[PDB]
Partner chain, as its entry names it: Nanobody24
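Shown below, as structure tokens, is a lone chain in the form solved without the partner chain; questions about how it binds or moves come after it.
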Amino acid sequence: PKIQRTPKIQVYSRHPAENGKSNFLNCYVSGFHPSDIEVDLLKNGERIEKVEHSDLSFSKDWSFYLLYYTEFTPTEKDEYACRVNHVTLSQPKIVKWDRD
């Protein structure tokens, strides 16, 4: 009841990125214990207000996982990321979206 597991963070788009075309940005957070977690989607370092997320679930190894997602319109210069905070992290962990 003592070992904690840090979250894995994977950022991906629903559709191939086409500049100026509406898409969906996904952030899958998994492999973490305990369950309390804060997840934000960012646009140029700023928090996106309207983000949807799945209800809590866990894998057969008891690790928790969640899907966070939002509609987004990618451009050439705009940056997107997933920011996570968990008891296993001293600072928030940021994983940037990269179409390449």
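Numbering follows the first chain given and starts at 1.
Peer 1: State which stretch shows the higher mean Cα B factor in the entry: 35-43 or 53-61.
Peer 2: 35-43 has the higher mean C-alpha B-factor.
Peer 1: Select between 13-21 and 84-92 the stretch whose C-alpha atoms have the higher average B-factor in the entry.
Peer 2: That would be 13-21.
Peer 1: By the record's CA B-factor, is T75 among the lowest, middle or highest third of residues in the chain?
Peer 2: According to the entry, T75 has a C-alpha B-factor in the chain's highest third.
Peer 1: Should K8 be placed in the lowest, middle or highest third of its chain by the C-alpha B factor in the entry?
Peer 2: For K8, whose C-alpha B-factor we compare with every modelled residue in the chain, the answer is the lowest third.
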